[PDB]
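Everything on this sheet refers to the single structure shown next.
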Amino acid sequence: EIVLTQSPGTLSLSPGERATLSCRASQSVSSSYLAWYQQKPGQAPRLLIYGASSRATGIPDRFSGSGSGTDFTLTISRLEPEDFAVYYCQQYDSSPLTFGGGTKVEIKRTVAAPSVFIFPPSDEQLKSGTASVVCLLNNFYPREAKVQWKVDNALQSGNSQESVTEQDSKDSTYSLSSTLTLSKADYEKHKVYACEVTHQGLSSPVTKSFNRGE
Amino acid sequence: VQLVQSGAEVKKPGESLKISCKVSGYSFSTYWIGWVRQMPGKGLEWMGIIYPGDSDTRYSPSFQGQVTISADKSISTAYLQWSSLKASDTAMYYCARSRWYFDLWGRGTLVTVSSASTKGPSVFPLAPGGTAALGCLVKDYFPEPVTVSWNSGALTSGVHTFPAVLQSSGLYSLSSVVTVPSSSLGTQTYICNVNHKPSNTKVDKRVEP
Ligand SMILES: [Cl-]
Ligand SMILES: [Cl-]
Ligand SMILES: [Cl-]
Ligand SMILES: [Cl-]
Ligand SMILES: [Cl-]
Ligand SMILES: [Cl-]
Ligand SMILES: [Cl-]
Ligand SMILES: [Cl-]
Ligand SMILES: [Cl-]
Ligand SMILES: [Cl-]
Ligand SMILES: [Cl-]
Ligand SMILES: [Cl-]
Ligand SMILES: [Cl-]
Ligand SMILES: [Cl-]
Ligand SMILES: [Cl-]
Ligand SMILES: [Cl-]
Ligand SMILES: [Cl-]
Ligand SMILES: [Cl-]
Ligand SMILES: [Cl-]
Ligand SMILES: [Cl-]
Ligand SMILES: [Cl-]
Ligand SMILES: [Cl-]
Ligand SMILES: [Cl-]
Ligand SMILES: [Cl-]
Ligand SMILES: [Cl-]
Ligand SMILES: [Cl-]
Ligand SMILES: [Cl-]
Ligand SMILES: [Cl-]
Ligand SMILES: [Cl-]
Ligand SMILES: [Cl-]
Ligand SMILES: [Cl-]
Ligand SMILES: [Cl-]
Ligand SMILES: [Cl-]
Ligand SMILES: [Zn+2]
Ligand SMILES: [Zn+2]
Ligand SMILES: [Zn+2]
Ligand SMILES: [Zn+2]
Ligand SMILES: [Zn+2]
Ligand SMILES: [Zn+2]
Ligand SMILES: [Zn+2]
Ligand SMILES: [Zn+2]
Ligand SMILES: [Zn+2]
Ligand SMILES: [Zn+2]
Ligand SMILES: [Zn+2]
Ligand SMILES: [Zn+2]
Ligand SMILES: [Zn+2]
Ligand SMILES: [Zn+2]
Ligand SMILES: [Zn+2]
Ligand SMILES: [Zn+2]
Ligand SMILES: [Zn+2]
Ligand SMILES: [Zn+2]
Ligand SMILES: [Zn+2]
Ligand SMILES: [Zn+2]
Ligand SMILES: [Zn+2]
């Protein structure tokens with residue numbers, strides 16, 4: 001099958017600027033049979049471009065496409081707020097009609113360090129036999145960050161899960177939660193619970209911690 | 001033109017399933033129509049297309065023999081079916097008209113495949129230098145979705161309701177947090193309102209310092 005490579009994986013740009021998205025094919029695509037789609041969170045994809053360069057019905061002039069053979073481009077010439085989304089290319093020449101892996105266009109803004117908060121488990125949850133510890137990283141940019149859990153100063157792998165918000169509409173930041181879950185019996189075998197956060201906006205890592213029961 | 005897809009499905013592994021896409025507003029029998037998978041957090045995957053005029057099919061090798069695509073032109077409906085679902089079939093499924101590019105899309109059908117049974121969430125407080133953070137942990141529910149508001153919707157600024165995660169147990173969990181002035185903790189009440197319609201659960205939790 002034809003493999004489509006989209007680059008970069010993420011573009012970080014400002015409103016009004018031009019986004020140029022790339023789609024490279026492992027074998028030549030015949031007749032410029034390359035399409036581009038937009039997807040916003042919670043919504044179905046929609047067609048932008050077909051035939052490498054033709055605008056779909058109702059698509060505004062700021063979207064354009066070009067290329068042939070193995071190299072194709074999508075241009076969003078003036079980024080409007082709605083345009084910060086994920087974009088997929090697809091070849092529809094040879095079955096199977098493969099998609100690329102997507103490029104996200106995000107809003108670039110100044111670096112913002114996370115504020116970090118830790119939450120011990122509630123007594124209500126502890127009564128039920130489980131302990132969830134939550135670490136919150138609030139309103140940071142760029143998206144890259146590292147969170148580590150430490151219990152009695154030992155690193156924890158395999159017992160936490162993370163979740164990240166979409167980019168904030170007011171200040172273009174991200175937020176992230178990490179939840180460490182233990183049985184109550186295991187939680188009571190240890191004292192110091194800590195999450196450690198590294199980020200470009202921090203001069204050194206930030207640790208928030210609590211002592212169980214104290 | 002409308003492509004109207006059938007409602008969300010919640011199934012056990014091994015069960016069969018047929019989902020549908022009913023079209024109106026164009027000649028169903030003279031355009032290809034097909035299916036796209038999207039697992040939560042992933043990109044789009046092409047499954048196959050069918051020409052309803054004579055039911056010719058084109059399948060992806062990664063889906064052929066696991067699914068069947070079919071069409072009934074007398075009721076302008078296309079179908080996607082599995083004879084034996086796997087948990088890895090949990091995904092959103094879109095139908096779309098194929099030119100062969102996809103020019104008109106349905107709104108998608110969510111398919112969840114799990115041995116889990118319907119369960120309402122437990123809601124626990126995340127109890128609280130200028131800013132303070134508080135929240136609610138909405139744990140151990142199935143299937144999706146839950147909705148969360150704060151103060152019956154009067155508190156929206158500073159709220160982050162995170163995407164759900166699927167736990168190893170097979171139940172979902174999410175947190176909803178909000179940042180507020182530290183000075184307000186003595187003086188304002190903060191309540192998270194949680195609704196899980198599949199289990200008919202409504203829960204309000206006051207979050208106190
Ligand atoms: Cl492959
Ligand atoms: Cl490449
Ligand atoms: Cl990148
Ligand atoms: Cl502008
Ligand atoms: Cl050409
Ligand atoms: Cl538009
Ligand atoms: Cl425009
Ligand atoms: Cl414009
Ligand atoms: Cl996005
Ligand atoms: Cl900025
Ligand atoms: Cl409690
Ligand atoms: Cl590590
Ligand atoms: Cl013991
Ligand atoms: Cl342990
Ligand atoms: Cl241990
Ligand atoms: Cl860290
Ligand atoms: Cl059947
Ligand atoms: Cl044809
Ligand atoms: Cl999947
Ligand atoms: Cl997938
Ligand atoms: Cl999910
Ligand atoms: Cl399975
Ligand atoms: Cl599976
Ligand atoms: Cl559409
Ligand atoms: Cl399962
Ligand atoms: Cl269960
Ligand atoms: Cl401070
Ligand atoms: Cl959800
Ligand atoms: Cl919600
Ligand atoms: Cl979610
Ligand atoms: Cl989800
Ligand atoms: Cl409610
Ligand atoms: Cl309460
Ligand atoms: Zn391959
Ligand atoms: Zn390369
Ligand atoms: Zn890259
Ligand atoms: Zn997104
Ligand atoms: Zn979705
Ligand atoms: Zn503008
Ligand atoms: Zn628009
Ligand atoms: Zn925030
Ligand atoms: Zn991470
Ligand atoms: Zn905000
Ligand atoms: Zn901000
Ligand atoms: Zn231990
Ligand atoms: Zn470290
Ligand atoms: Zn989901
Ligand atoms: Zn996949
Ligand atoms: Zn035929
Ligand atoms: Zn083949
Ligand atoms: Zn499957
Ligand atoms: Zn639990
Ligand atoms: Zn006040
Ligand atoms: Zn209520």
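All chains are named by letter (A, B, ...) in the order of the sequence lines, taking the proteins before the strands, and each is independently numbered beginning at 1. The figures that follow rest on heavy atoms only: side chains count, while hydrogens, waters and symmetry mates do not.
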Please determine, among B:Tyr101, B:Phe102, B:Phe63, the option with the most heavy-atom pairs under 4.5 Å with chain A. B:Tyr101
Structural part of A:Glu1 lying under 4.5 Å from a heavy atom of chain B: neither
At a heavy-atom separation under 4.5 Å, does B:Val207 approach chain A through its side chain, its backbone, both, or neither? neither
Structural part of A:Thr181 lying under 4.5 Å from a heavy atom of chain B: side chain
Side chains of A:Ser30 and A:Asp93, donor plus acceptor under 3.5 Å: yes
Could you verify whether a donor N or O on one side chain and an acceptor N or O on the other, from A:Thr165 and B:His160, lie under 3.5 Å apart? no
Spacing of CG belonging to B:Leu44 relative to OH belonging to A:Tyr88, to within rounding of 0.5 Å: 5.0 Å
Counting only non-hydrogen atoms closer than 4.5 Å, does A:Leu97 touch chain B with its backbone (N, CA, C, O), its side chain (CB onward), both, or neither? both
Report yes or no: do B:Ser62 and B:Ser60 form a side-chain donor-acceptor pair below 3.5 Å? yes
At a heavy-atom separation under 4.5 Å, does A:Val86 approach chain B through its side chain, its backbone, both, or neither? neither
Tell me, for A:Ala44 versus chain B, whether the close heavy atoms (under 4.5 Å) come from the side chain, the backbone, both or neither. both
Below 4.5 Å from any heavy atom of chain A, which atoms of B:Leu166 appear? Answer side chain, backbone, both or neither. backbone
Using heavy-atom distances under 4.5 Å, tell me whether B:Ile49 contacts chain A through its side chain, its backbone, both, or neither. side chain
Ring center gap for A:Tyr50 and A:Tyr92 short of 6.0 angstrom: no
Identify which part of A:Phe119 has an atom lying under 4.5 Å from any heavy atom of chain B, answering side chain, backbone, both or neither. side chain
Atom OH of A:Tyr174 and atom CD of A:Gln167: how far apart are they, to the nearest 0.5 Å? 3.5 Å
Given a strict heavy-atom distance threshold of 4.5 Å, which part of A:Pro121 is in contact with chain B: side chain, backbone, both, or neither? neither
Which region of A:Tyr37, side chain (C-beta onward) or backbone (N, CA, C, O), has a non-hydrogen atom less than 4.5 Å from a non-hydrogen atom of chain B, or is it both or neither? side chain
Considering only heavy atoms and a distance below 4.5 Å, find which of B:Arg107, B:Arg58, B:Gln38, B:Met92 pairs most often with chain A. B:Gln38
List the steps and the verdict of salt bridge (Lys or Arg N to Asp or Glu O under 4.0 Å) for A:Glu124 and B:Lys205. CA-CA 11 Å; A:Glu124 189 189 352; B:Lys205 244 294 173 176; 3.2 Å; yes
Part of A:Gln91 lying under 4.5 Å from any heavy atom of chain B: neither
Less than 4.5 Å to any heavy atom of chain B: does that hold for the side chain of A:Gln125, its backbone, both, or neither? both
Under 4.5 Å from any heavy atom of chain B, what part of A:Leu34 do you find: side chain, backbone, both or neither? neither
Does any heavy atom of chain B fall under 4.5 Å from the side chain of A:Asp168, the backbone, both, or neither of them? side chain
Distance (rounded to the nearest 0.5 Å) between B:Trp100 CH2 and B:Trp32 CH2: 5.5 Å
Start with the C-alpha distance between A:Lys40 and A:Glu82, add both sets of side-chain angles, then the distance that settles salt bridge (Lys or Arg N to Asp or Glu O under 4.0 Å), and finish with yes or no. CA-CA 8 Å; A:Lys40 309 184 189 168; A:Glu82 315 95 78; over 6 Å; no
Between A:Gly100, A:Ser95, A:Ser177, A:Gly101, who has the most heavy-atom pairs with chain B when the cutoff is under 4.5 Å? A:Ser177
Is the distance between the ring centroids of B:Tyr93 and B:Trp82 under 6.0 Å? yes
Looking at B:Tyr26, is B:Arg97 sitting on its ring face, NZ or CZ under 6.0 Å from the six-membered ring centre and within 45 degrees of the normal? yes
Which bit of B:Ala133 is near chain A, if near means a heavy-atom gap under 4.5 Å: side chain, backbone, both or neither? both
In Å and rounded to the nearest 0.5 Å, what is the OH to CD distance from A:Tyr141 to A:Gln200? 9.5 Å
B:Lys42 versus chain A, heavy atoms under 4.5 Å apart: side chain, backbone, both or neither? backbone
